[PDB]
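**Q** Take this sequence and fold it.
(chains A and B)
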2 protein chains.
Amino acid sequence: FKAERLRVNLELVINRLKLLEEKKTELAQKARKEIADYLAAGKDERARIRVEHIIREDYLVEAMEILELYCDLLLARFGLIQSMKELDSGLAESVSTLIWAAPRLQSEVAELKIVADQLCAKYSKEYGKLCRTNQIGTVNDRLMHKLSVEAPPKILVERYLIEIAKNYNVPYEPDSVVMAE
Amino acid sequence: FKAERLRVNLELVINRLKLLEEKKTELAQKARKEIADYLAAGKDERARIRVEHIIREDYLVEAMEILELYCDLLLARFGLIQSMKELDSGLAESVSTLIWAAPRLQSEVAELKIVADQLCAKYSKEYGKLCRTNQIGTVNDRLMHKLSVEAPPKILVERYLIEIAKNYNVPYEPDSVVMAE
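**A** Numbers count the residues shown, from 1 in each chain, chains lettered A, B, ... in the order given. Let me share the structure:
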């Protein structure tokens, strides 16, 4: 298969990973001053949704870094496992997590479309329609938490609002039922 | 809200308070020599209207000093009550008097427009359209007298004319019905 198209794809993935990380950092700083505005100005719940979007983004940041490590370590053993024909256990975790998150990351990046195709084009043993679904069970559970879509515990969203109000110097009063939870 | 725009507004309020106090003092001295002229020259009633304007101005002077104390003491607890979210009783008198006199002082100063907006933007508990009207009932009654628009008792306007005629050495004869009243 097109393994150097795959490789330069990965390189662009890494480049855009860095770029998107940086851009989202920038706008996240602006948005944190903005959240200081919303919290300072009335609807802390509006700021609560804003910071929900932000903590979502931060889950994405952490997941981005984890998978950046994964694509880079897979890139290390390009020719080596390319000599092989099945995936090894040393890359089974990375491959499983990547295969699992790839559909979640299909939209975020178009290179990864080809990267996943070439992955599945690379293997059939524990690879394919369901065989790939069988081998993908070794996905990183930590990334899974960093890729879980949920409301954080309102004690923790309150703590994010508290540490924001700390860092950004607004008055925040958590809901004591949740501030105790 | 814009609490440092509010703060520098207050600073300009204080500056112009001092400035206007000084300017009105100057022209009031000139106008007192002028009132000595009118009293000396014929229409003491013309001088009576002039000194009515002046004693009005002096009510404004006294009110200015009272509220200058009020804005400065509120300025002392800027960050403190800013940490709070409702007005305290320690500032309830000042706030009520200020809220009450602010419409009377809307015209005198444009900063105070914002100061009153930010005040109402600061609070809703006993604040707002009528809730602010409810909490404003604690206005200074002494300032209220210094902000009451009325004719002074003609024994007292006669006494102002008498002590002017004393200080400015004109002949003044009060209306004995009022000079006895």
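**Q** Tell me how far the residue nearest in space to the middle of chain A lies from chain B.
**A** Centroid check for chain A by Cα atoms, centre = their mean gives residue A:63 as the closest residue, at 2.7 Å. Using Cβ to the nearest Cβ, to the nearest Å, we find residue A:63 at a distance of 38 Å from chain B. Backbone N, C-alpha and C define where each C-beta goes, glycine included.
**Q** Can you spell out which helices and strands pack onto whatever helix or strand residue A:62 lives in?
**A** Per DSSP states H and E, residue A:62 falls inside helix A:44-76. In terms of contacts (3 or more Cβ pairs under 8 Å, 6 or more residues apart in numbering or on different chains; DSSP states H and E), helix A:44-76 is packed against helix A:3-40, helix A:92-105, helix A:141-146, helix A:154-168.
**Q** Tell me the secondary structure at the residue in chain A that chain B sits nearest to.
**A** Going by Cβ to the nearest Cβ, chain B is nearest to residue A:171 of chain A, at 6.2 Å. Secondary structure, DSSP: H, G, I helix; E, B strand; the rest coil: residue A:171 is coil.
**Q** would you put the C-alpha positions of whichever strand or helix holds residue A:120 in PDB?
**A** Assigning secondary structure by DSSP H and E places residue A:120 in helix A:111-122. Listed in PDB are the C-alpha atoms of helix A:111-122, where the atom choice follows Å, rounded to 0.1, in the frame of the first residue of the first chain:
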ATOM      1  CA  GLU A 111      -5.100  12.400   6.500                       C
ATOM      2  CA  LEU A 112      -6.200  10.000   9.200                       C
ATOM      3  CA  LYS A 113      -8.800   8.600   6.900                       C
ATOM      4  CA  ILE A 114      -6.000   7.300   4.800                       C
ATOM      5  CA  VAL A 115      -4.000   6.400   7.900                       C
ATOM      6  CA  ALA A 116      -6.800   4.200   9.100                       C
ATOM      7  CA  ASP A 117      -7.300   2.700   5.600                       C
ATOM      8  CA  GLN A 118      -3.600   1.900   5.400                       C
ATOM      9  CA  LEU A 119      -3.700   0.500   8.900                       C
ATOM     10  CA  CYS A 120      -6.500  -1.900   7.900                       C
ATOM     11  CA  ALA A 121      -4.700  -2.300   4.600                       C
ATOM     12  CA  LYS A 122      -1.700  -3.300   6.600                       C
END
